[PDB]
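Student: Dropping the structure in here first, questions after.
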Amino acid sequence: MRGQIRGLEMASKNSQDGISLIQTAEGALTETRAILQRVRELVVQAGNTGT
Amino acid sequence: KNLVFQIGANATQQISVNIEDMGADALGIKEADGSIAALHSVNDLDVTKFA
């Protein structure tokens with residue numbers, strides 16, 4: 001029992017840690033998304049400025 | 001050399017525009033014409049030929 005208990009709490013810590021890893025990656029991708037938004041704006045503007 | 005204004009956010013949301021005027025902008029068949037319909041804007045006959 002004890003084996004699985006302390007192992008289980010450790011596993012939950014491990015899970016939260018995985019979440020925070022995801023938080024970092026998610027923030028990087030958030031910013032990437034902002035960049036790509038700006039890019040698309042420049043593409044549209046480029047589209048009219050073909051003239 | 002048609003002119004594409006981008007109009008909406010997405011693909012194809014655009015138009016076409018054209019324009020032409022210059023010295024040789026008198027009566028246009030497919031070209032202006034030869035001895036006529038080009039000079040009338042460019043070189044008037046009002047030299048003596050009305051006399």
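Residues are referred to by chain and number: the chain letter is A, B, ... according to the order shown in the structure tokens, the number counts from 1 in that chain, and ligands are numbered separately from 1 in the order shown.
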Output the contact residues of chain B with respect to chain A at a cut-off of 10 Å, based on only C-alpha atoms, as a ChimeraX atom specification.
Tutor: /B:1-11,14-15,17
Student: Give me the residues near segment 24-33 of chain B as a short mmCIF file (atom, residue, chain, number, x, y, z; two decimals) with N, CA, C and O atoms, in the first residue's frame, where near means some atom within 10 Å (using only C-alpha atoms) and where sequence neighbours in that chain fewer than 5 positions away do not count.
Tutor:
```
data_model
loop_
_atom_site.label_atom_id
_atom_site.label_comp_id
_atom_site.auth_asym_id
_atom_site.auth_seq_id
_atom_site.Cartn_x
_atom_site.Cartn_y
_atom_site.Cartn_z
N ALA B 38 -5.67 58.95 -84.22
CA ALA B 38 -4.50 59.05 -83.36
C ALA B 38 -4.00 60.48 -83.29
O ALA B 38 -3.80 61.02 -82.20
N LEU B 39 -3.82 61.10 -84.45
CA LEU B 39 -3.36 62.47 -84.49
C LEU B 39 -4.38 63.42 -83.90
O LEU B 39 -3.99 64.41 -83.28
N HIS B 40 -5.67 63.09 -84.02
CA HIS B 40 -6.72 64.02 -83.62
C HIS B 40 -6.58 64.43 -82.17
O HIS B 40 -6.83 65.58 -81.81
N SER B 41 -6.15 63.50 -81.33
CA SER B 41 -5.68 63.88 -80.01
C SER B 41 -4.24 64.37 -80.07
O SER B 41 -3.91 65.37 -79.42
N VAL B 42 -3.39 63.72 -80.86
CA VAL B 42 -1.97 64.05 -80.80
C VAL B 42 -1.68 65.29 -81.64
O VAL B 42 -1.38 66.36 -81.10
N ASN B 43 -1.82 65.17 -82.96
CA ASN B 43 -1.53 66.27 -83.89
C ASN B 43 -2.83 66.68 -84.56
O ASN B 43 -3.37 65.92 -85.37
#
```
Student: Can you tell me how far atom CA of residue 30 of chain A sits from atom CA of residue 18 of chain A, in Å to one decimal?
Tutor: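 That distance, rounded to one decimal, is 18.0 Å.
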Student: What is the distance, in Å and to one decimal place, between atom CA of residue 7 of chain A and atom CA of residue 25 of chain A?
Tutor: 26.9 Å
